[PDB]
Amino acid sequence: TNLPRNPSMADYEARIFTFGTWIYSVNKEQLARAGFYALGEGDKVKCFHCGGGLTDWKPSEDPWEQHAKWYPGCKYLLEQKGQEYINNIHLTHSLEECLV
């Protein structure tokens, strides 16, 4: 805090290379853009800036949404997407949750 926790993967171009073998439903450019790079096992990816790791992407799911869902403290996220967006995902999620 507060610099990239993986400065080697800072450049989007760098991150996109790491997806050579990529074969999963979720779009690699999205992931790359969202901050993530592939780890080299299953569908596991990790954010370049906060170092958060996601896994088991379902077919509809959006990179930017999960990033905010799971690691909403990421400063890359905040810079690229702003605070109110983050508040949004959680709110939506919390409301649905309560509605069951």
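We call the rigid core whatever largest set of C-alpha positions still superposes within 1.5 Å between the two forms. The numbering used is simple: start at 1 and walk along the sequence shown.
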(message) So, in 6 other deposited structures of this protein, taking the root mean square over structures and residues of the Cα distances after a rigid core fit: is 72-80 or 13-21 the more displaced stretch?
(response) 13-21
(request) Would you say which of 30-38 and 54-62 moves more relative to the shown form in 6 other deposited structures of this protein, going by RMS C-alpha distance with the core superposed? (result) 54-62
(request) Would you mind comparing 65-73 and 37-45 for me and telling me which has the higher average C-alpha temperature factor in the entry? (result) 37-45
(request) Could you check the entry and say whether 21-29 or 80-88 has the higher mean CA B-factor? (result) 21-29
